[PDB]
């Protein structure tokens, strides 16, 4: 479950054998983000430090920081793949609110950009297989916009 700041796998609701993965797991900035197979031991490029930067409660604003690279999960354009560029911690495109979206008692959450037009973290075309683009897309709390936070 999501219990605030900590290190997590971020796991798509429709495909819980997958997690949120900084593609290629390199140290250079600007990686795109996709779903990928979790594996028995998740790799550091697929772990994320949720770090509080403003507020408290459901309105709290967080950076979602890649464990391997230290770069921040960022939305760059509506209905477009998200990435981990080098970017200021005060840039709202790199800040996210995490909101309960419990579904049949599954403790899942939406991940909502501080720039409201950039919307929610979204698995492209509702894919249930490894390697799907993760988008910032218009917020609807569809099933492909829901996520588990598995504490690590």
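Residue numbers count along the first chain shown, from 1.
Is the mean CA B factor in the deposited entry higher across 100-108 or across 24-32? Stretch with the higher mean C-alpha B-factor: 100-108.
In the PDB record, does 35-43 or 65-73 carry the higher mean Cα temperature factor? Of 65-73 and 35-43, the stretch with the higher C-alpha B-factor average is 35-43.
Taking the values straight from the PDB record, which of 118, 121, 94, 50 has the highest C-alpha temperature factor? By C-alpha B-factor in the record, 118 ranks first.
Among all modelled residues of this chain, ranked by Cα B factor, put residue 89 in the bottom, middle or top third, i.e. lowest, middle or highest. For residue 89, the deposited C-alpha B-factor lands in the lowest third.
Could you place residue 2 in the lowest, middle or highest third of its chain by Cα temperature factor, using the values in the record? Highest third.
Looking at the entry's B-factor column for C-alpha atoms only, identify whether residue 17 ranks in the lowest, middle or highest third of its chain. As the PDB entry reports it, the C-alpha B-factor of residue 17 lands in the highest third of its chain.
Sorting by Cα B-factor within the chain, modelled residues only, which third would residue 83 end up in: lowest, middle or highest? As the PDB entry reports it, the C-alpha B-factor of residue 83 lands in the lowest third of its chain.
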